[PDB]
Student: 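Before I ask anything, let me first share the structure, which is written out below as structure tokens.
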Amino acid sequence: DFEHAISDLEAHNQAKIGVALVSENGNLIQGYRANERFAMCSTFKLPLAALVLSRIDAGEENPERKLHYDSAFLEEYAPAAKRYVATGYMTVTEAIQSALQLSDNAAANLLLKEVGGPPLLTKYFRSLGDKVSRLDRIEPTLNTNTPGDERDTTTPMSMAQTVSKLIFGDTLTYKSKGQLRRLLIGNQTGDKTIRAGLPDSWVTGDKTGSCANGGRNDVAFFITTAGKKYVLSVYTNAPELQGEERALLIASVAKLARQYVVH
Ligand SMILES: *C(=O)[C@](NC(=O)[C@H](C(=O)O)c1ccc(O)cc1)(OC)[C@@H]1N=C(C(=O)O)C(=C)CO1
Ligand code: NA
């Protein structure tokens, strides 16, 4: 049974694991600590991108608008922004790509600025019927992952449901939805996490994150060979494991959850 299997992973690895597998319409299929709070860390970038795209859908933003910045805007982890800084800008489109596929923190901060900041991301979550997820800080302080702290948190179920809405629901235009899906499929940081626990024949897109205090997270959508559509969130705090082992833990959790998909 699922509860036993995750419980053992937790004991053997000295780790805290939260999981939610939801259907295309957002119903919970299987979960473990599904309603408990975990820090989003980079996983917030997925709904951040969707907010930007929905502003584009509304004619409130242009995908080729230039977002200007200088060296003082850079962060420790900003590999695309470090590349473009001499030109003085990244387009909205380049920023969306970079934030999602490379987890670039300067790109993410540019997009937070464009959308009106953490409160307006929080308002977006509420507009989607997510009454739990919230953003309070920007990069890189949003990743502190202090025990008990509610700032910059979600729950496995709330994020899974939110992502199911963005990817499979009709909040976004067909155009924007397709762009978001394809960017996530092409994520460069998720090859050893949830996707590693799923059959290679399934279509998979995802957004990963790492936090202080050993946080390591992934949320993925997938489409099986039978065309059935799911979202899986996996949020972990495993301070006693090494880096690659945190990834293997997530992939092991995905391989367990996968058994609750029909086919
Ligand atoms: C998002 O999770 C990620 N990390 C951070 O924003 C944060 C920081 O830049 O201080 C951080 C970095 C390294 C850590 O070990 C812990 C926290 O965004 C840059 C980044 N995202 C990843 C991802 O797969 O998406 C990473 C592997 C590294 O964390
Ligand atoms: Na795979």
Side-chain angles (χ1 to χ4, degrees), residues 22-26 40 42-67 80-81 84 89-122 124-130 133-135 138-139 154 158-174 176-190 194-195 202-209 218-223 227-233:
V22 307
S23 69
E24 186 188 351
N25 293 292
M40 278 184 292
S42 293
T43 65
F44 93 94
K45 292 162 184 174
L46 192 164
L48 176 58
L51 177 48
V52 180
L53 288 165
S54 89
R55 290 172 58 76
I56 288 168
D57 289 342
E60 301 165 318
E61 180 59 88
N62 182 338
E64 304 300 316
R65 184 159 78 83
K66 297 187 180 43
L67 316 174
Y84 284 108
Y89 77 97
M90 285 178 69
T91 57
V92 171
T93 293
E94 289 161 343
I96 288 167
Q97 183 258 331
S98 295
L100 291 175
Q101 295 188 335
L102 291 178
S103 215
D104 188 299
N105 276 342
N109 278 351
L110 290 167
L111 299 179
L112 278 159
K113 176 169 188 258
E114 187 275 348
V115 304
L120 278 291
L121 192 56
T122 305
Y124 189 56
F125 283 125
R126 294 304 171 268
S127 86
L128 298 174
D130 183 338
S133 305
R134 60 180 304 106
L135 200 69
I138 67 173
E139 299 289 356
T154 191
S158 280
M159 185 61 77
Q161 291 180 316
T162 292
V163 171
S164 80
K165 289 175 199 169
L166 297 170
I167 296 304
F168 301 122
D170 315 316
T171 300
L172 299 172
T173 63
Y174 192 80
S176 279
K177 196 156 78 170
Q179 282 170 66
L180 177 60
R181 284 156 73 151
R182 302 279 305 169
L183 284 173
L184 294 166
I185 292 162
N187 180 37
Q188 302 182 210
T189 59
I194 289 172
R195 267 172 219 241
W202 298 0
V203 175
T204 62
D206 83 291
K207 185 69 200 80
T208 48
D218 203 8
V219 58
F221 71 92
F222 58 90
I223 307 168
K228 305 302 179 43
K229 293 169 165 71
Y230 298 89
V231 175
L232 180 66
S233 59

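Hydrogens, waters and symmetry mates play no part in the numbers below; they use all other heavy atoms, side chains included. All residue numbers refer to positions in the sequence shown, counting from 1.
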Student: Rounded at 0.5 Å granularity, tell me how far CE in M40 sits from CG in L46.
Tutor: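 It is 11.0 Å, given to the nearest 0.5 Å.
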
Student: Return the minimal non-hydrogen interatomic distance between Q101 and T189, and the atom names on each side.
Tutor: O-CG2, 3.8 Å

Student: Within a 6.0 Å radius of atom OH on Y84, are there more than 12 heavy atoms belonging to other residues, nucleotides or ligands?
Tutor: no

Student: Testing the basics here: between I138 and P118, what is the closest heavy-atom pair and its distance to 0.1 Å?
Tutor: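 Shortest heavy-atom separation between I138 and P118 comes out as CG2-CG, 3.7 Å.
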
Student: Sequence neighbours excluded, which residues qualify as side-chain contact (heavy atoms from CB on, under 4.5 Å) partners of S42?
Tutor: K45, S103, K207

Student: Begin with the C-alpha distance, continue with both residues' side-chain angles, and end with the deciding distance and a verdict on side chain to side chain contact (heavy atoms under 4.5 Å, CB included) for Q97 and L183.
Tutor: CA-CA 7 Å; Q97 183 258 331; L183 284 173; 4.2 Å; yes

Student: Which residues pass the salt bridge (charged side-chain N to carboxylate O under 4.0 Å, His left out) test with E24, sequence neighbours left out?
Tutor: none

Student: Would you name the heavy atoms of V163 and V219 that are closest together and state the gap between them?
Tutor: CG2-CG2, 4.1 Å

Student: Does a side-chain heavy-atom distance below 4.5 Å link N62 with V92?
Tutor: no

Student: Supply the atom-to-atom distance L100 CG to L184 CG, rounded to the nearest 0.5 angstrom.
Tutor: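 The CG atom of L184 is 5.5 Å from CG of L100, to the nearest 0.5 Å.
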
Student: State whether the side chain of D218 and the backbone N or O of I194 hold a donor-acceptor pair below 3.5 Å, judged by distance alone.
Tutor: yes

Student: Does the side chain of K177 reach to within under 4.5 Å of the side chain of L53, using non-hydrogen atoms?
Tutor: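 Side-chain contact under 4.5 Å: no.
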
Student: How long is the span from the CZ atom in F44 to the CE atom in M159, to the nearest 0.5 Å?
Tutor: 10.0 Å

Student: Judged by atom type as modelled, is there a donor-acceptor pair below 3.5 Å linking the side chain of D57 to the main-chain atoms of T173?
Tutor: yes

Student: Can you check whether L67 reaches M90 side chain to side chain, under 4.5 Å on heavy atoms?
Tutor: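 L67 vs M90: side chains apart.
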
Student: What is the distance from atom CZ of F168 to atom CZ of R181, rounded to the nearest 0.5 Å?
Tutor: 5.5 Å

Student: List the atom of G26, the atom of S164, and the distance in Å for their closest heavy-atom pair.
Tutor: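 Closest approach of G26 to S164, heavy atoms only: CA-OG, 3.6 Å.
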
Student: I185: what forms a side-chain contact (heavy atoms from CB on, under 4.5 Å) with it, not counting sequence neighbours?
Tutor: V203, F221

Student: Compare every heavy atom of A108 with every heavy atom of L48, then report the nearest pair and how far apart it is.
Tutor: CD2-O, 3.6 Å

Student: By the salt bridge (charged side-chain N to carboxylate O under 4.0 Å, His left out) test, which pairs, at least two apart or in different chains, include something from residues 107-119?
Tutor: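 Passing the test, one end in residues 107-119: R55-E114.
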
Student: Tell me every residue that passes side-chain contact (heavy atoms from CB on, under 4.5 Å) with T91, counting only those two or more places apart in sequence or in another chain.
Tutor: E64, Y89, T93, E94

Student: Could you tell me which non-hydrogen atom of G190 sits nearest to which non-hydrogen atom of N187, and how far apart they are?
Tutor: N-ND2, 3.4 Å

Student: Check for a donor-acceptor pair, side chain of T122 on one end and backbone N or O of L135 on the other, with a separation under 3.5 Å.
Tutor: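 Between the backbone of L135 and the side chain of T122 there is a qualifying donor-acceptor contact (under 3.5 Å).
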
Student: Counting N and O atoms only, with roles assigned by atom type, does the side chain of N105 sit under 3.5 Å from a partner on the main chain of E139, one being a donor and the other an acceptor?
Tutor: no

Student: Could you grab the distance from atom CG of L120 to atom CZ of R126, nearest 0.5 Å is fine?
Tutor: 12.5 Å

Student: Is it true that a side-chain atom of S54 and a backbone atom of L51 form a donor plus acceptor pair closer than 3.5 Å?
Tutor: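 Checked: pair present.
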
Student: Only counting residues at least two apart or in another chain, list the ones meeting side-chain contact (heavy atoms from CB on, under 4.5 Å) with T171.
Tutor: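 Result, side-chain contact (heavy atoms from CB on, under 4.5 Å) vs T171: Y124, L128, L166.
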
